[PDB]
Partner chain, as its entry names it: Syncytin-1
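Listed next as structure tokens is one chain, alone, in the form solved without its partner chain.
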């Protein structure tokens, strides 16, 4: 009955009704009929849902990772983290290879009628791994700009955007330190567990408002971006390539890996995590849907508390299969647009750069375009075409987000069988 699956049905209905309402508003005038004053009010509920989800990201992530790191032996935690990192890297590489292969086979750039250096980007990623200030890292991330002193000198500053990766690393290290302390750190372990439980209560409350926010978010997203026909006619092949790659990875490849390692049915796991998947689609942010990911993984599935609260926060930052797939597809599409020959070395470096820079993605909406330019510059491809990718990034990115969070969930389930 619709008693325990009421949230799943409500969220699916919310997505469908948001698409329908956005299409109806667009057909009735769209932005011109509404205007900015009415558009802001129309899309406000989705922004409210995003704010509610982002408000609890820092305490939930910090407390969950501290508890998970302090709930395991340092050797066992290290082995679990190594297996998680291997799974994340393998899945990201598979997604990148699938995206490159699909783009090469289908050739979305057949119809030709339509920053930051790589080293500095990786140095910024390393700096964000080890934050210089925890309070600053709670709302700021390091980023490198350039000064034409006309040799370009890279100078860095803390820009807006939560440094989730640095908080993750610090929380893991602090949990390990608490475990090594033992009796002295037991009080802190209890404190962080209680804080995480309270944040779980807040997540359970926000989960009921989640359908309305998702509906209004998708409605506003498809209302603001008008001329859907032109978008799907000019970049239709690229959109189809990205969506097909995401669907293949999330419904064929990742479930195949889950079934091969865990003889259980992966689609039951997917049904259990449907609600955070649709939340990821609506919000286009892995971080925002991460609390719902942990909730559904812990309750709807049989994943242990420590495994989930240690793997999902890490995967929400490191494991991004959709981002890597989209970046590889976009790189091959732009190379085909410029009639650039993609040899084996170029394909290999595209795959490597996408896999390495998917970790550096912030997990925020429209976060893949900041990485696509870096990947293009790594292969010396033209960068002026990214504007085309910006035309439909409101949709593809959303799909990417789904894949991203999905992988995380499956990894947790997989690692559950590594513990049992």
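Residue numbers count along the first chain shown, from 1. In this text, rigid core is short for the largest set of C-alphas that superpose within 1.5 Å between two forms.
Among other deposited entries of this protein with both flanking residues present, none omit coordinates for residue 338; it is modelled throughout, well short of a third.
In the other compared entries of this protein that model both flanking residues, residue 112 lacks coordinates in at least a third of them. According to the record, 4 to 9 deposited residues between residue 149 and residue 150 are left without atomic coordinates. Where residue 82 is followed by residue 83 in the displayed chain, the model omits none of the deposited residues that would sit between the two.
What comes next is about the form solved in complex with its partner chain, which is not displayed.
Proximity to its partner chain in the bound PDB entry, taken as heavy atoms within 4.5 Å, picks out 156-164 from the listed stretches 156-164, 252-260, 345-353, 273-281. Against its partner chain in the bound PDB entry, the set 221, 390 and 393 is in full contact: each member has a heavy atom within 4.5 Å. Its partner chain is not shown here, and in the bound PDB entry it never comes within 4.5 Å of any heavy atom of residue 332.
When contacts are judged by a 4.5 Å heavy atom cut-off, residue 28 does not count as touching its partner chain in the bound PDB entry. Within 4.5 Å of any heavy atom of its partner chain in the bound PDB entry lies no heavy atom of residue 292. Shown alone here, residue 381 lies farther than 4.5 Å from its partner chain in the bound PDB entry, counting heavy atoms only.
Shown without its partner, the chain has 47, 50, 51, 54 in segment 43-64 as residues with a non-hydrogen atom within 4.5 angstroms of its partner chain in the bound PDB entry. Residue shifts between the shown form and the other one, rigid core superposed: of 187, 82, 90, 155, the only C-alpha displaced by 2 Å or more belongs to 155. Relative to the superposed rigid core, the position of the CA of residue 27 differs between the shown form and the other one by less than 2 Å. Taking the rigid core as fixed, one finds a CA shift for residue 54 smaller than 2 Å between the shown form and the other one. Here residue 361 does not count as shifted, since its C-alpha moves by less than 2 Å between the shown form and the other one after the core is aligned.
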